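Residue strings, one per chain:
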Amino acid sequence: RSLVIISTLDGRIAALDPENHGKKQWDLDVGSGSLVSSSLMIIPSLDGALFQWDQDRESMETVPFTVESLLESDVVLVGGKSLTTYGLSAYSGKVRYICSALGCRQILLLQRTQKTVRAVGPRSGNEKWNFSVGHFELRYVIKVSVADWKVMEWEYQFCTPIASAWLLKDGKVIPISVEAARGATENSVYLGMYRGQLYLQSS
Amino acid sequence: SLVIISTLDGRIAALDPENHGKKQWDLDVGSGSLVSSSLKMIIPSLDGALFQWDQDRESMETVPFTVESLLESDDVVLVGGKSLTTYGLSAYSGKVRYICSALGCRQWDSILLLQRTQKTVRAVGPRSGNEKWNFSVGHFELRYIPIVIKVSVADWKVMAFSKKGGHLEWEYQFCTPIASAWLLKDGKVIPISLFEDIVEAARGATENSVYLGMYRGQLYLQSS
Amino acid sequence: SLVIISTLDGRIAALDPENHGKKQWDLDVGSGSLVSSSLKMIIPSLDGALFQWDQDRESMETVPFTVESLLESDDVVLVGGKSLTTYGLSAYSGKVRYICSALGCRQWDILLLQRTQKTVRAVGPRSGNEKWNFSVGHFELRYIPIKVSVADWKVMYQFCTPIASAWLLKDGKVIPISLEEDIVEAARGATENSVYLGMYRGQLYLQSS
Amino acid sequence: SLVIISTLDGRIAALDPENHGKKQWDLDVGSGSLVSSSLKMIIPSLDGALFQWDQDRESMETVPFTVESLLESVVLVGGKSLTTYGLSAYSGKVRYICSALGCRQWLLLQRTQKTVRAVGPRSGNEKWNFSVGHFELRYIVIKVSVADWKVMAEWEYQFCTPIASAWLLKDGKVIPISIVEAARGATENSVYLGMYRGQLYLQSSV
């Protein structure tokens, strides 16, 4: 009795099998939408930290603002960290509950965090740039490749790109991904694209 | 050039200190109360950081958390969330010229923009979504872009005195407690405050500048 | 057994309560004194906050600053250093066994005393004239195997220099010491029971809970 | 028109009076070095965030504490400092020094520094440390290849130990120097993994 849970870059989850399989068990869709969004050159992390790239430099800087710090504010800023948990049945994946910030409706608990920020014209009310960044964490060799959106012997090639991924077995929930240290740093970092817009991924 | 006020029902109100204080066309937006507790007994400030008060121990002792914290924390799962939003009002008078939450920017057509922050946190236990306790603080903020007015709390009356002979010119009374209050004359929004011969002159100031009221049964407290 | 008194001139003193008050050891770290502050007027709490007083509006205003908060910052540059060192002691009698800090550890050939100290100075070029300061110190207690006041700098031994923290030892447990609309007043009673504004050698200062 | 190099031995230096390249003065201030580790390896930032890599894995994971979040907690000791050294743009020679202990007398080089020890509770013995710091300054053909511990220009000046920041003065300004696939390129070149003396450390931008 074990699983693989795959949080993907479209705000979706999936249960596959490590039982000769890889076969899709259950496959969840919530009302929250994308996992990374940006009208926006500034590249958001899932974190969601904020970074500046201009191709004149190598300079990929972190900037002194995060999608968080910007909410506690010429241009008036709005947004909202969410925190809603589900509420699932390890296999079948049918929500027992979904209990949000402003609501609650009655053994595998899938919590969505989603931070946004918009910037609108003060007179105008209409936004000029925005950011929505979210992610999934849960509680009660499975190698992922991230540029080749795959769990890997069976293999399940996803599209869209993979965000979090947990194998659940026995004791459950453990995720997947001098010179040698100089070598071990660049695999910590990954840039993806969805669909659409650039993003970072973290370690 | 007038005096906006917010309160603990959540609503907002603007007056008219030149026309003897009389409210002029005043509505608002739903989000519930400005404090909703549901938990010897902890007390929420509207800032979001809260205090236990052991009524035996008379122990208004600052419990090492906030409403913000718990959301970035076993027995119960801490759901919740903060929300900021802007109700740009052509008021005087009305006049929802737009609204902007994380869920869109529905506009309007036809100069006072109005912030609304809300900090809830339900705690529910994981076997089923049963709700074990929750706090939801909040507060509007004020910004405008193109007598002597006081709002001491206790009674819920905003009052205009004068600089001349310090007499009361007019006074307006309120139903729920004043949360905040701002005068809007000339343009620059002015916030009315709702608060060894010095060692008590300056002690006076310190017990002056905490208000421990209660609204809709809820025990909450303010300060500066 | 004994009672420990962190007092506001950086000192410690141990009395035992089952003997009228007889002292015993009494620690005088080198670190000086607790609140110091080149000060209508800006008042720090101990621990670290800063509070603006205006005698016009007669309110005690909050400032958007902390002594730490200012180190992570015009014409004036900011200086300081949050320090925090622990002193091992013997519980009785005396006596510093080991000591300290960010800058080394000495053990000399059961009751562990931690000092914290936040500074901020404000200097500005060309020549660096310090225009003001704020230093707030601190103390916490621990250990390995009676009604203090606050207004009178007094215990049940009458102290000289105001008190800041104190504590009990018993069956090995540093236990600290404290310094209808009818129910509201009783809570409304405890909110002005929390904050204390004092005076120590010039600087006016705050304490609360 | 100067060039300034703060290096991992707690010393700064000023080289190149626009034509020469000759270092016109070089002050050192304690503590000593810009990075300590003592010392499953856990490697600090100059910041210092804390990271753990295991060669059993291929990944560099970051840890949930920084040299500061743990200062507010093994008994842990430590302290962030901020000391400023005032000297005149050229020749050096310190005019003021304002640390946490008062000002002394008679272009401003601002050093920040976090340290943390871990000692035994009952016995004041130790058990790891972390001291990390770095330099800032303002007032009143430049290039570094940090892995080759030198500035270049014509000419080049190799330092020991590796150099960390590099501010150039010219006029009245202090300027520093350090498809998706090409963006993929700007991140493996954003971080640098170093060594001193002795111990490993991390860097950003770079």
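Reading guide: rules and limits
- Residues numbered from 1 in each chain as written, not as in the entry; some residues may be left out.
- Chains lettered and ligands numbered in written order.
- Heavy atoms only, no water.
- Buried < 20%, exposed > 50% of the residue type's maximum accessible area, 1.4 Å probe, protein only.
- Helix = DSSP H or I, 4+ residues; strand = E, 2+ residues; numbered from the N terminus.
- Arc of directions from axis to C-beta.
- Contact = heavy atoms within 4.5 Å.
- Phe/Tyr/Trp six-rings, centres within 6.5 Å; stacked < 30°, edge-to-face > 60°.
- Salt bridge = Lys/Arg side-chain N within 4 Å of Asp/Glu carboxyl O.
- Buried area = accessible area lost by both parts, 1.4 Å probe.
- Polar contact = N/O pair within 3.5 Å; in protein donor to acceptor, adjacent residues only side chain to side chain.
- Nonpolar A, V, L, I, M, F, W, Y, C, P; charged D, E, K, R; others polar.
- Pairing = 2+ DSSP bridges.
- Disulfide = S-S within 2.5 Å.
- Axes fitted to C-alpha atoms, helices over the stretch in contact; angles between N-to-C directions.
- Patch = residues over 30% accessible without salt bridge, like charges linked within 9 Å, V, L, I, M, F, W, Y side chains within 5 Å.
- Areas by Shrake-Rupley, 256 points an atom, 1.4 Å probe, with all protein chains shown as cover.
- Core = buried A, V, L, I, M, F, W, Y, C linked by side-chain atoms within 4.5 Å.

- As summarised from the PDB record, the model derives from X-ray crystallography at a stated resolution of 3.209 Å.

Considerations on helix α2 (residues 201–208) of chain B
- Those residues of α2 of chain B that sit buried are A202, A205 and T206 of chain B. The buried residues of α2 of chain B all sit within an arc of 95° when viewed along its axis, so they share a single face.
- Residues of α2 of chain B that are buried sit in contact with β15 (210–211) of chain B together with β4 (49–53), β5 (60–66), β14 (196–200) and β15 (203–207) of chain C.

Looking at the packing of aromatic side chains
- For the structure shown, the criterion picks out 11 aromatic pairs over all chains.
- Judged by centre distance (5.4 Å) and plane angle (50°), the ring pair of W132 of chain C and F134 of chain C falls under tilted.
- Classification of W132 of chain C as partly exposed rests on a relative accessible area of 25%.
- For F134 of chain C, a relative accessible area of 6% translates into the label buried.
- Centre to centre, the rings of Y192 of chain D and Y201 of chain D are 6.4 Å apart; their planes meet at 55°, and the pair counts as tilted.

A word on the pattern of salt bridges
- Evaluated as defined, the whole model comprises 26 salt bridges over all chains.
- A salt bridge links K40 of chain B to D56 of chain B; the nearest nitrogen and oxygen atoms lie 3.8 Å apart. Within this pair, whereas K40 of chain B is found in the loop between β2 (12–14) and β3 (41–44), its partner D56 of chain B is found in the loop between β4 (50–54) and β5 (59–61), the two being separated by 16 residues in sequence.
- Residue class for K40 of chain B comes out partly exposed when judged on its relative accessible area of 47%.
- One connected set of salt bridges, linked through shared partners, spans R11, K23, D26 and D28 of chain C.

Here we look at the interface of chain B and chain C
- In this assembly, 26 residues from chain B lie in contact with 21 residues from chain C.
- Taken together, both faces of the contact between chain B and chain C bury some 1900 Å²; the carbon and sulfur share is 65%.
- Across the chain B-chain C interface, the total number found is 0 salt bridges.
- Run the count over chain B and chain C and you get 9 residue pairs in polar contact.
- Sorting the residues of the side of chain B that touches chain C by element identifies β5, α2 and β15 of chain B as the ones contributing at least two each.
- It is α2 of chain B that provides the largest number of residues to the side of chain B that touches chain C, a total of 8 residues.
- Split into classes, the residues belonging to the side of chain B that touches chain C amount to 14 nonpolar, 8 polar and 4 charged.

Concerning the pairing of strand β1 (residues 3–7) of chain C
Residues and elements named next belong to chain C.
- When you tally the buried positions in β1, you get 5 out of 5 residues, the bulk of the element.
- The side-chain alternation of β1 yields two buried faces, one formed by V3, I5 and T7 and the other by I4 and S6.
- The pairing of β1 with strand β12 (residues 163–168) spans 5 bridges and is antiparallel. Each bridged residue has a counterpart across the sheet, and for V3 the counterpart in β12 is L168.
- Sheet topology places β1 next to strand β2 (residues 12–15); 4 bridges connect them, and they run antiparallel. Each residue of the ladder has a partner; that of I4, found in β2, is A14.
- Joining the antiparallel neighbours β1 and β2 is a turn of 4 residues, in which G10 adopts a positive phi near 70°.

Thoughts on the state of the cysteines
- The final tally for this structure, using the stated rule, is 1 disulfide over all chains.
- Here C98 of chain D connects covalently by a disulfide to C103 of chain D, the sulfurs 2.1 Å from one another. Between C98 of chain D and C103 of chain D, the disulfide has an S-S torsion of 110° and is therefore right-handed.
- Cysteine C99 of chain A shares no disulfide, and the gap to the nearest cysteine sulfur, in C104 of chain A, comes to 4.8 Å.
- What makes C99 of chain A buried here is its relative accessible area of 1%.
- Looking at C104 of chain A, the relative accessible area reads 17%, which means it is buried.

Thoughts on the interface of chain B and chain A
- Listed by partner, the interface residues are 30 residues for chain B and 32 residues for chain A.
- In total, chain B and chain A occlude about 2400 Å² of area from one another, counting both sides; carbon and sulfur atoms represent 57% of this.
- Across the chain B-chain A interface, the total number found is 1 salt bridge.
- In this structure, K81 of chain A engages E72 of chain B in a salt bridge whose closest nitrogen and oxygen atoms are separated by 3.5 Å.
- Inspection of the region where chain B meets chain A yields 11 residue pairs in polar contact.
- Listed by contribution, the elements that provide at least two residues to the side of chain B that touches chain A are β6 (77–78), β7 (80–86) and β8 (112–124) of chain B.
- Residue contributions to the side of chain B that touches chain A peak at 7 residues, all from β7 of chain B.
- Class assignment of the residues belonging to the side of chain B that touches chain A gives a composition of 14 nonpolar, 12 polar and 4 charged.
- The pairing of strand β8 (residues 82–88) of chain A with β7 of chain B spans 2 bridges and is antiparallel. The partner of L83 of chain A across the bridge, within β7 of chain B, is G80 of chain B.

Side note on the sheet that holds strand β4 (residues 42–44) of chain A
Residue and element names in this part refer to chain A.
- What the 3 strands build is an open sheet, ordered β4-β5-β6; its pairing is antiparallel. On the outer flanks of this sheet lie β4 and β6 (60–66), each paired with one strand and no other. Each adjacent strand pair in this sheet contributes to an overall mean axis angle of 35°, direction not counted.

A look at a nonpolar patch on the surface
Residues and elements named next belong to chain D.
- A cluster of nonpolar side chains, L39, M41, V74 and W128, forms an exposed patch at the surface whose accessible area comes to about 430 Å².
- Residue position: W128 is located in strand β12 (residues 126–138).
- With a relative accessible area of 36%, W128 lands in the partly exposed category.

Things to note about the side chain of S45 of chain C
Residue and element names in this part refer to chain C.
- Mapping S45 onto the fold places it in the loop between β3 (41–44) and β4.
- By relative accessible area, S45 is classed as buried at 14%.
- At a separation of 3.1 Å, a polar atom in the side chain of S45 contacts the main-chain carbonyl oxygen of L206.

What to know about the pairing of strand β14 (residues 148–152) of chain D
Residue and element names in this part refer to chain D.
- Pairing of strand β13 (residues 143–145) with β14, which is carried by 3 bridges, proceeds in the antiparallel orientation. Considered in β14, the bridge of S145 is made with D148.
- Here β14 pairs with strand β15 (residues 156–158) via 3 bridges, running antiparallel. Residue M152 lies in a different strand from β15, and its bridge partner there is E156.

Remarks on the nonpolar core
- Core analysis: the biggest nonpolar cluster contains 37 residues, and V3, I4, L8, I149 and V158 of chain B have the highest contact counts within it.
- At the level of elements, β1 (3–7), β2, β8, β9 (133–144), β11 (157–161) and β13 (178–183) of chain B are the ones that each hand at least two residues to this core.
- Setting aside residues up to four positions removed in sequence, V158 of chain B forms contacts with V3, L15, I149, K150, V151, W170, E171, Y172 and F174 of chain B.
- Formed by 31 residues, the second largest nonpolar core is a distinct cluster that contains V3, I5, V144 and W155 of chain D.

Notes on the environment of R122 of chain B
- With respect to the secondary-structure elements, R122 of chain B resides in strand β8.
- By relative accessible area, which is 16% here, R122 of chain B ends up buried.
- When the C-alpha positions of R122 of chain B and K132 of chain B are compared, they lie 7.4 Å apart, and in sequence the two are 10 residues distant.
- Dropping the residues within four chain positions of it, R122 of chain B is found in contact with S100, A101, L102, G103 and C104 of chain A together with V77, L78, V79, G80, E131, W133 and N134 of chain B.
- A distance of 2.7 Å separates the side chain of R122 of chain B from the backbone oxygen of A101 of chain A, its partner in a polar contact.
- A polar contact of 3.4 Å, which involves the side chain of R122 of chain B, links it to the backbone oxygen of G103 of chain A.

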